[PDB]
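Visitor: These protein sequences, in sequence, are chains U, D, C and X. Here the first sequence is numbered in the authors' numbering, starting from 294 and rising by one per residue. In case it helps, the authors' numbering puts the second sequence at residues 727 to 827, 852 to 1064. Here the third sequence is numbered in the authors' numbering, starting from 920 and rising by one per residue. In case it helps, the authors' numbering puts the fourth sequence at residues 641 to 675, 691 to 726. Each residue gets a CB set at the ideal place from its N, CA and C atoms; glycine is no exception.
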Amino acid sequence: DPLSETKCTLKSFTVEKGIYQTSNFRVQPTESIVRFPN
Amino acid sequence: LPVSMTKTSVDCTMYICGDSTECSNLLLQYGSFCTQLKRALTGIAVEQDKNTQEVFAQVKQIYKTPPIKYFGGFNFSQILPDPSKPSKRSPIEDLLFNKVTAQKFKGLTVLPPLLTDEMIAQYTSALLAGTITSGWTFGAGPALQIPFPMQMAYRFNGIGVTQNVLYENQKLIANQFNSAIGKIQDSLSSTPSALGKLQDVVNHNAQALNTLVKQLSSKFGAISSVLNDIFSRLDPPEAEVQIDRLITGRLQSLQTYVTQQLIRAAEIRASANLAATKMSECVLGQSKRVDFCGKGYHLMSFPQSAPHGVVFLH
Amino acid sequence: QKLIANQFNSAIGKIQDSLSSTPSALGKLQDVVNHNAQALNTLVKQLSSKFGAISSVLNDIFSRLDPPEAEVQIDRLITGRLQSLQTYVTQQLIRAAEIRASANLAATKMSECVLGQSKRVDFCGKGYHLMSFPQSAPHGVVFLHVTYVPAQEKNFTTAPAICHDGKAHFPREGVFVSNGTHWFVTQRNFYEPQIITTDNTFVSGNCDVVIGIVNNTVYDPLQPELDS
Amino acid sequence: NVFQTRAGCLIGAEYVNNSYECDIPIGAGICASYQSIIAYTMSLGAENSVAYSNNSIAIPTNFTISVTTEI
Ligand SMILES: *[C@@H]1O[C@H](CO)[C@@H](O[C@@H]2O[C@H](CO)[C@@H](O)[C@H](O)[C@H]2NC(C)=O)[C@H](O)[C@H]1NC(C)=O
Ligand SMILES: *[C@@H]1O[C@H](CO)[C@@H](O[C@@H]2O[C@H](CO)[C@@H](O)[C@H](O)[C@H]2NC(C)=O)[C@H](O)[C@H]1NC(C)=O
Ligand SMILES: *[C@@H]1O[C@H](CO)[C@@H](O[C@@H]2O[C@H](CO)[C@@H](O)[C@H](O)[C@H]2NC(C)=O)[C@H](O)[C@H]1NC(C)=O
Ligand SMILES: *[C@@H]1O[C@H](CO)[C@@H](O[C@@H]2O[C@H](CO)[C@@H](O)[C@H](O)[C@H]2NC(C)=O)[C@H](O)[C@H]1NC(C)=O
Ligand SMILES: *[C@@H]1O[C@H](CO)[C@@H](O)[C@H](O)[C@H]1NC(C)=O
């Protein structure tokens, strides 16, 4: 859970009020293609 | 006076590595520099927001100027907000914005400021209304209205000149003040180097970021600068050494950038503290300190917003 | 005097209570400590990083491998640790510079607001500054600013000068007000109306140049004396 | 419960037309608070208007001794 990720990032079981930066997201590729000459 | 710089943040893995995945796996053994970098950058960002809030947010009330703008011959149309413009800004503020001026997200980001320009303009308008309609008493308690010529008489009495001097030369002083305001507007319009400091801050930040992103394309003594090319070409035992050298070089560059950012932030914070002191003393009251609020005997001052800074008219 | 003393005692009691209640009031000092230790902690953590080497255990590198590449591994470890220590030193230097600037500001405040009365606005508290007290604190100083703030204002009708026998009278130190029927002169910061005379006002020119002048008489104290 | 701001996208908080003091700063004039979780535009302060005229003044009739702390 995002709360769990925040707890892991701060290395504590309780997080005080505020806004915290946990990680980053990036959409993964769906498939692969290839193009070579004739 | 500059106040705040651009709030920036950096993504470690996408800059240090590429689109490859095993590069992050190699990184995982190199330590926790990403945590230190993130902590430093968030510290800088919150310091910038604190600087802006400290400089501008100094009144707990939002005063509004009276609808009738007559002040005994004094003309304030050039500094008061103009409802005709959609942005609700003074002509001087519009000129300042127009006088001060890419999108490659390779892990480098720009966080937006907490206070929008409209809110800062609202603070400046409230300060102007308070200092016009209430003298200086609004800075030390409840605001008390005083006719503007009486306030000018008080201010002349401050510098050691009796009130009759003002009360006998009211129209001449009003004409001189209006002419001075117009001359300031024209001089600021026609001078390119007047706004050097804010443009310098913007140029420094942009040039440093561009240098960082350009340094990524250096070989650092490796056979090639493309990690994907290296992985698909050599035996992994030695490609490991190549990637180690590349990662060390890029991390050194990132450390240098962080240190430069810290030093620049410290300098900008000092400038912001000076600006806050000037706003507290010269605007909300009259100061007897020589040359602190302009050349000559001080009478008053007016604030104006500007991109990453403030402009005082003494 | 008695009312001022009672207000001062109530204010200082309220300050004690508020300090005893709000936990965040001493954040600025605490943050300092909350910085230093954690930074130091980070340094210790950096001792447990392989820095890209095969192992993070130096004597293991000696024992498990021959000198040829063990030298390379040890060199990598030494470079990493030295770089970490250098970074810590630089960060400490920057924090020291900031703390020194804050200390200079505190010294200026102690010299001006405590050892004397300052007319700089908002420099030694909100409102008109009266005086101040210092107190010690862990790695810091706490100032108690005692200040004066007006309240219970009242509306009045004012005029710049008074025309009398073709002469213009201006207040010597106060300001002209009128409740609606009679005109008085009073000090700026406190409503203390007084009868307008020729000793608290001064004359300069006739009453044909100033704007907004009003008509009224000015009592002269020496006229009854010469009458007898 | 999906909101779009200048900073990005917010999930789990609902926008409110009301205004309060900023508690958890998000950015671009948007803050968040707990009351569930709501998001709003921060309010600069209490609006006030002064009765300014050509020949009227205001004079205090009482005072107050105040004590402030500075760390
Ligand atoms: C106050 O100053 C402004 C500008 O300094 C005056 O506005 C000018 O008014 C005249 C006649 O109405 C116009 O021809 C000019 O074009 C105006 N100036 C600008 C920049 O548009 C204004 O008249 C002055 N007096 C008052 C009472 O506002
Ligand atoms: C304005 O102040 C004057 C000075 O006190 C007032 O004149 C006196 O008011 C008292 C209060 O009732 C009377 O006992 C005196 O007889 C008044 N003096 C004279 C010469 O008659 C005056 O009444 C005040 N005006 C208003 C509207 O409050
Ligand atoms: C203050 O008193 C003077 C003197 O009585 C007034 O001046 C007179 O005004 C009338 C009306 O305009 C003229 O007919 C007289 O010739 C003036 N005499 C002098 C000596 O100037 C003046 O008008 C009064 N002002 C007010 C506001 O009542
Ligand atoms: C000025 O203000 C003070 C307090 O703001 C007033 O003192 C109060 O007076 C009332 C009635 O006499 C008492 O019930 C309160 O206990 C007093 N307050 C304190 C803190 O002692 C004082 O009366 C005001 N002065 C005037 C002229 O109205
Ligand atoms: C009274 O105030 C109005 C608007 O504030 C102004 O137009 C007028 O000139 C003033 N009268 C005098 C005598 O100053």
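1. Please confirm whether residue 665 (chain X) has its beta-carbon closer than 9 Å to some beta-carbon of chain U.
2. Closest to residue 680 (chain X) by C-alpha separation, out of X:660, X:716, X:671, would be which residue?
3. With 16 other CB atoms within 10 Å as the buried threshold, where does residue 311 (chain U) fall?
4. Who are the near neighbours of residue 799 (chain D) in its chain, counting only those whose CB is closer than 7 Å to its CB and skipping five residues on each side?
5. Residues of chain U with CB closer than 7 Å to the CB of residue 737 (chain D), please, in chain order.
6. Which of the three DSSP states is assigned to residue 1014 (chain C) in this structure?
7. How close, in whole Å, do the beta carbons of residue 1074 (chain C) and residue 711 (chain X) come, if the pair is a contact with beta carbons under 8 Å?
8. Assuming residue 1052 (chain C) contacts residue 1063 (chain C) under a Cβ cut-off of 8 Å, what Cβ separation, rounded to an integer in Å, is found between them?
9. Should residue 659 (chain X) and residue 789 (chain D) be called a contact, given that it needs their Cβ atoms to be closer than 9 Å?
10. Do residue 714 (chain X) and residue 1066 (chain C) have their C-beta atoms within less than 9 Å of each other?
11. If we define contact as Cβ-Cβ less than 9 Å, is residue 717 (chain X) a contact residue for chain D?
12. Give a yes or no on whether 9 Å exceeds the smallest Cβ distance from residue 778 (chain D) to chain U.
13. Write down the C-beta distance between residue 864 (chain D) and residue 938 (chain D) rounded to the nearest angstrom, noting that I regard them as a contact closer than 8 Å.
14. Is the beta carbon of residue 917 (chain D) within less than 8 Å of some heavy atom of ligand 5?
15. Just to confirm my understanding: we take residue 1133 (chain C), look at its own chain, exclude 5 residues before and 5 after, and list those with CB closer than 6 Å. What are they?
16. So, at 6 Å on beta carbons, what are the nonlocal neighbours of residue 1071 (chain C) in its own chain, with the 5 sequence-adjacent residues on each side left out?
17. Can the beta-carbon of residue 805 (chain D) be found closer than 9 Å to that of residue 1054 (chain D)?
18. Along chain X, which residues have their Cβ under 9 Å away from the Cβ of residue 1099 (chain C)?
19. Counting only beta-carbon separations shorter than 9 Å, does residue 783 (chain D) have a partner in chain E?
20. So which residues on chain X does residue 770 (chain D) lean against when the C-beta distance must stay under 8 Å?
21. Could you give the C-beta distance for residue 781 (chain D) and residue 1029 (chain D), rounded to a whole number, given that I count them as a contact under 8 Å?
22. Starting from residue 1096 (chain C), follow the alpha helix (DSSP H) in both directions and report where the run begins and ends.
23. Between residue 855 (chain D) and residue 765 (chain D), what straight-line distance do the alpha-carbon atoms span, to the nearest angstrom?
24. With distance defined between alpha-carbon atoms, name the residue in D:930, D:738, D:825, D:753 nearest to residue 943 (chain D).
25. Taking the beta strand (DSSP E) that residue 1050 (chain C) belongs to, which residues open and close that run?
26. Going by beta carbon distance, what residues of the same chain come within less than 7 Å of residue 901 (chain D), once the five residues before and after it are set aside?
27. Buried or exposed, going by whether 16 or more other CB atoms sit within 10 Å of the CB of residue 695 (chain X)?
28. Mind checking whether the beta-carbon of residue 920 (chain D) lies closer than 8 Å to any heavy atom of ligand 1?
29. At a CB-CB cut-off below 8 Å, which residues of chain D make contact with residue 979 (chain C)?
30. For residue 996 (chain C), which option in C:966, C:1015, C:983 has the closest C-alpha, if you only look at C-alpha atoms?
31. Around the C-beta of residue 303 (chain U), are 16 or more other C-beta atoms found within 10 angstroms, so that it is buried, or is it exposed?
32. Buried or exposed: residue 915 (chain D), going by 16 or more other Cβ atoms within 10 Å of its Cβ?
33. Mapping the DSSP letters down to three states, classify residue 986 (chain C) as helix, strand or coil.
34. If you draw a straight line from the alpha carbon of residue 891 (chain D) to that of residue 787 (chain D), how long is it in whole angstroms?
35. Could you work out which residue in C:1089, C:1022, C:1109, C:1107 is closest to residue 1115 (chain C) when comparing CA atoms only?
36. Please check the pair residue 873 (chain D) and residue 699 (chain X), which I expect to be a contact at CB under 8 Å, by giving their CB distance rounded to whole angstroms.
Guide: The structure says:
1. yes
2. Any question about the placement of residue 680 (chain X) has no answer from these coordinates, since chain X jumps from 675 to 691.
3. exposed
4. 920, 921, 924
5. 317
6. helix
7. 6 Å
8. 4 Å
9. no
10. no
11. no
12. no
13. Going by Cβ atoms, the distance from residue 864 (chain D) to residue 938 (chain D) rounds to 28 Å, so no, they are not a contact pair.
14. no
15. 1078
16. none
17. yes
18. The premise fails here: residue 1099 (chain C) is roughly 12 Å from chain X at the closest Cβ pair, so nothing lies under 9 Å.
19. Judged by its chain identifiers, the structure shown contains no chain E, and its protein chains are U, D, C and X.
20. Chain X residues near residue 770 (chain D): none, gap ~15 Å exceeds 8 Å.
21. 6 Å
22. No alpha helix (DSSP H) holds residue 1096 (chain C); the beta strand (DSSP E) holding it covers 1094-1097.
23. 21 Å
24. D:825
25. 1047-1056
26. 885
27. buried
28. no
29. Correct list: empty, because the minimum Cβ distance to chain D is about 15 Å.
30. C:966
31. exposed
32. exposed
33. helix
34. 11 Å
35. C:1089
36. 7 Å
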